[PDB]
Amino acid sequence: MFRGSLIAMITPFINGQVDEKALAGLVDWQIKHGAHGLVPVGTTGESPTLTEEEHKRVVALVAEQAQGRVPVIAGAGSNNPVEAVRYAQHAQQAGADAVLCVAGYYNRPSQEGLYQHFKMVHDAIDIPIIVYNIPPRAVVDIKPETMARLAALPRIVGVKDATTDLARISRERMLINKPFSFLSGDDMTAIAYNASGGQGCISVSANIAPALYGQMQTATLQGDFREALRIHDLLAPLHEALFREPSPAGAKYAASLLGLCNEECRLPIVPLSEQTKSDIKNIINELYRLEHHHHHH
Amino acid sequence: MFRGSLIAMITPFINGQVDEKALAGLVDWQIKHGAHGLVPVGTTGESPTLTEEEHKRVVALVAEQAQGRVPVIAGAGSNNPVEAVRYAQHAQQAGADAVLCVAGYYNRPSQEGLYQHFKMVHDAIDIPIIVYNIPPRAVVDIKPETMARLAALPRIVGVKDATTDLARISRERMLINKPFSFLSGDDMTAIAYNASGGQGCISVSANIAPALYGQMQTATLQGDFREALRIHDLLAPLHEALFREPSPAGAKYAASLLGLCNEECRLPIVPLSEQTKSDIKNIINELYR
Amino acid sequence: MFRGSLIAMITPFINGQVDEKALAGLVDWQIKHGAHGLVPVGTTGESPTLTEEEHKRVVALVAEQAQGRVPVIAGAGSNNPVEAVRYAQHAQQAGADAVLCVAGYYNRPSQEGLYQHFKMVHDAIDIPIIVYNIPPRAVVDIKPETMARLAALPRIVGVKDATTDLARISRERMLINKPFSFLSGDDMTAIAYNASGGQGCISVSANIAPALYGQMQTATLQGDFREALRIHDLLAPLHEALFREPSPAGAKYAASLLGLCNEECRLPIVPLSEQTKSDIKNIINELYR
Amino acid sequence: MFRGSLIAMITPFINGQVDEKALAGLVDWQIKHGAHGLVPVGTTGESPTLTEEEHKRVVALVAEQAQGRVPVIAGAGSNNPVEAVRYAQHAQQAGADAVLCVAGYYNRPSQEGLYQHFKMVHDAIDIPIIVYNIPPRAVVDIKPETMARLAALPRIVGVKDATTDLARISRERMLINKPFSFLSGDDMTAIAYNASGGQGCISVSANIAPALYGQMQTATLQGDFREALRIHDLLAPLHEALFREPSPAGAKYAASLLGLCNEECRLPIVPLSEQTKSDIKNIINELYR
Ligand SMILES: [Mg+2]
């Protein structure tokens, strides 16, 4: 249902507020340069530090600006399913095509608790859900048997797998007996994931290099792993630099270098070191040098 | 203070809302039966599933009913320091003695980001802060050098250490040169922690056995570690059973057996299995008889 | 130098002694049914419980019986480099083509200690080395910068990567600038590894299904990851059953069902449960055929 | 029945050999200066890089030189129980009072495999066994129910708990009813462990500060935890410096500063950095006047 390069969108700020002009421009620029889909207001979009009003406004503005050109999968994460229901219902009303749902961070519930959280969101809306499995941030882990129970629900349609355990997709595929949108939640292993049955990635780096990242994803989907790895290798220095300090500090700074938005993030995300800024700048300049050298029409 | 048996209070519910009557009764009962302090709307009080209004209401009701009889340390946790500031400012207005602050869960910031979060809360209020270090739930870990930097601020006055790493207190004590309220965040190792320089515990089990838990804590503070271990040995089965399934399901059920509140918690906390319920019932029967 | 499906050979026993008859038969059968190389006396071959002399005699037999038909990479693991040198020197004299070397388990040395271990083995022999990186068993982890230092040595020619960290190969590849045999040490992620730049796997499950595993590896080297994944899906139940209890108990039992050897392993590897045996038997029947 | 400060002895080397003269002198010096027991040829004694001949000779020499003044608990660790049996049998014939046994590193057996390993050693000797639980090095973890199963054997008499999980002793004490020597395997948390029911520590730091370490242990055993913590605070910098780089590099160098032996260890243990040497030198100077 949802395939390829799906961008975990940054949220631009100006004078302490959502930068609506920059956000609209970002949607247009990302679509122009090869986004296969957009995922506003996940943690890369600073969902934890947006107000409930800002969260909904960003989703609404992205859905409006996309104009149906690519799918929009709205973040509806919370550790409280009552809150997640509110985000998901709004997303549906604002014209999002699906929602992305993490559960259980900090309160650390059982598998049954995770299941009931997701069932609550599922039963409250009419659009599809991608469940978000990210033990490295949430501690809790949606286990394969739980994933299979979730897959029995008609509108749980995929997973953003940020476990970094590449055996996990195999364990899930052994238990899930319907088509399922397996999506990587880790840029560094996106190729490994698609070779293992994945069909895309909800990506941070695609904010910055949407054209290359789209080409890489399409190559994996067309079975051309030689071409995909070639592009992955080009992007590896960028990946390292974008994640060296806690994301989205890196992506926000990189986007500022491209003239897309201000570099600012909200606490507890902090400004980059001068060394990290320098490394990002040099990497971006090199990618542009290479593109200009190789381009011809 | 802050010292001894500090109760990580459960939040009672009734028909989907905060049970204000049970909450007032719980404050009275816990104080009557030996609480050294009360810590409303932490993790155990289901801070994640309370609305902002409910969080503030629970803090206000607990401070009101406590009537200054014991210290009240209000939860002011969030992964957004803007929100944490709102809880902490309300807590001060409501008469809390201090706030307990976790930071950085899920967004997973750097040491500098954690520092800036706590500094923002610190600068917005006049009451002190106990920082809450709980990597097993938050992933982020306030490292010893960061704790020392925090301790340089006048109103960062202690830590709830839920790392479960009993070497950590030693590493922090090596770097902190002012009096500091080192508090355990783990009931099972409360004695170990105080023997290593700790001066209390923000405790889940104390909801249910406040008298015995208070006696245990006081024994450690008076240097009678033989007596402390004797009581620990009585409480260890309770500790295990209250954490067998994800807390606070266990504490809420246990309190319901004591007639203190309804057993219900909010999703994603779920009802206990019949086995866990039975084991808790047996433990309560043994303790209160 | 090494590509495709390489088998981490089991070592068969009878009355607890090495069954040389079964071992020679296993070499012939595995080569007949599609092995690309043989890797005797790793942990799958129970290196930890073979005496030094048994280890050497097993390597010699496999090298001789292989008769140059496929490469033989002899295990020369130890946490003592002096012992590893003895294994590697014997392997060379016995006609092994290369050695597979783990280091640092239990004693848990630094990166420099690991480097010096491998350099000692390297400098003592004339045949090449595959470095074995397996933090899940050894705790120590050869970091990418250390791997690059190792690759600078002329006869370090590849790695068996059992980190299960699929980002690791990218990090090593960026730093290594000569032909280098990147080999998976994890059956479940073998396809992922090859998609990421790997060129084969030193496999446990290939002991039992060498023909299908050979076909899966071939597909990845052809660039047909769709066919590779279809084969992986056929082998999925087998992988799970072979690793349900601590390996090599599973592989040894499966090989016994094929008539190749007894199921016996040496303590602390223990007999399988009847459920695991039943599941493996069913899987073998489904595959064969 | 084993209590207090039990030294995880370093093994001194000279010209690539066991330094017998230094070893005898070390036994005498450590006993003179307050050792409550001696534990030769564990990993601090570089058991992984000693030959079988050296392992046995070091045990024999330490038992001989101790002359029954303090208990001698010989290392008989291996991931192969057949090898462990040989070490333990020799230890007994050499006059050791007990053996210390780790199992299962690298091969990573099941709980049943660990049990069978220990049972095999148990049944082969007449002297008692202290089980060595060290997941940080061995990965395998002897779980509380397995420890209880081991405790049902008559000559399994204690544990060296190097889990660094201070809840573990509580979980074990909840299951074990017979007299049992609970011993810490972690210097930094030795006080915490004894406050939780432990009765000693098999200690690395006690190699270097036996007098202070013995005083600290005795203080815990007498219930004087204030005194124990005072001494712990004096020793904490030493604990940190001795484990900064992979042990026993730190302990061997510190002992060399005291004139007890040469600083050398065997690969993969490597020489200390100048910074670490300087820090150890400053700590030694501070302690010894
Ligand atoms: Mg092709």
Side-chain angles (χ1 to χ4, degrees), chain C residues 16 42-52 54-55 77-86 102-121 132 134-140 142 243-249 265-273 276, chain D residues 16 42-52 54-55 77-86 102-121 132 134-140 142 243-249 265-273 276:
Chain C
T43 57
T44 304
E46 292 171 83
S47 60
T49 58
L50 296 179
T51 66
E52 183 168 338
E54 282 174 329
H55 182 134
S78 183
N79 58 184
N80 180 4
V82 175
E83 185 188 16
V85 166
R86 296 196 299 272
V102 74
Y105 56 84
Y106 190 54
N107 52 11
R108 215 178 60 195
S110 65
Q111 298 296 295
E112 179 64 20
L114 294 166
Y115 177 78
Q116 294 301 332
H117 174 126
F118 290 114
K119 188 167 190 296
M120 189 182 290
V121 179
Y132 194 176
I134 188 161
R137 290 185 184 272
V139 185
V140 293
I142 307 162
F243 284 94
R244 193 183 297 167
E245 304 192 38
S247 186
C265 298
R266 288 183 178 175
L267 287 177
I269 309 302
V270 296
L272 293 177
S273 73
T276 307
Chain D
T43 63
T44 304
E46 292 172 81
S47 60
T49 60
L50 295 186
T51 65
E52 186 165 333
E54 285 169 335
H55 186 130
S78 183
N79 59 184
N80 176 5
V82 173
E83 192 175 64
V85 164
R86 288 200 308 276
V102 74
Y105 56 85
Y106 193 56
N107 50 10
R108 255 181 28 196
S110 67
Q111 299 296 294
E112 176 67 20
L114 295 167
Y115 177 79
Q116 297 295 332
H117 175 125
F118 291 115
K119 191 170 188 297
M120 178 180 296
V121 181
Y132 192 176
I134 188 158
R137 290 182 182 273
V139 188
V140 293
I142 308 162
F243 290 96
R244 188 173 305 161
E245 303 191 40
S247 184
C265 299
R266 290 176 174 177
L267 286 175
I269 308 304
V270 295
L272 295 175
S273 73
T276 308

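Because only heavy atoms are used, hydrogens play no part in the values below, and waters and symmetry mates are left out as well, while side chains stay in. Letters go in sequence order (proteins before strands), and every chain restarts at 1.
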Margin query: Which residues pass the side chain to side chain donor-acceptor pair (under 3.5 Å) test with C:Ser78, not counting sequence neighbours?
Written below: C:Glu83

Notebook entry, point to check: Which heavy-atom pair separates C:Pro246 from D:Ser110 by the least distance, and what is that distance?
Noted result: CG-N, 3.5 Å

Check: Which value, rounded to the nearest 0.5 Å, describes the distance between C:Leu114 atom CG and D:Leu267 atom CG?
Finding: 10.5 Å

Checklist line | Any residue meeting salt bridge (charged side-chain N to carboxylate O under 4.0 Å, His left out) with D:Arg108, in chain and number order, not counting sequence neighbours | finding: none

Check: Should D:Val82 and C:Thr49 count as side-chain neighbours, where that means a heavy-atom distance under 4.5 Å?
Finding: no

Check: Within a strict 4.5 Å, meaning less than it, do heavy atoms of the C:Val270 and D:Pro109 side chains meet?
Finding: no

Notebook entry, point to check: Looking at C:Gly104, C:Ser47, C:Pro136, which has the largest count of heavy-atom pairs under 4.5 Å with chain D?
Noted result: C:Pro136

Notebook entry, point to check: Between D:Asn107 and C:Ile269, what is the shortest heavy-atom contact and its length?
Noted result: O-CD1, 4.5 Å

Next item on the list: Give the minimum heavy-atom separation between D:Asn80 and C:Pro48, together with the two atoms involved.
Entry: CB-O, 3.5 Å

Next item on the list: Quick one: which of C:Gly77, C:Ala249, C:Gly113 has the most heavy-atom pairs under 4.5 Å with chain D, could you say?
Entry: C:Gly113

Checklist line | Separation of C:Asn79 CG from D:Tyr106 OH (nearest 0.5 Å) | finding: 10.0 Å

Item checked: Heavy-atom proximity to chain C below 4.5 Å, by part of D:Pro248 -> neither

Check: For D:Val102, is it the side chain, the backbone, both or neither that has a heavy atom under 4.5 Å from a heavy atom of chain C?
Finding: side chain

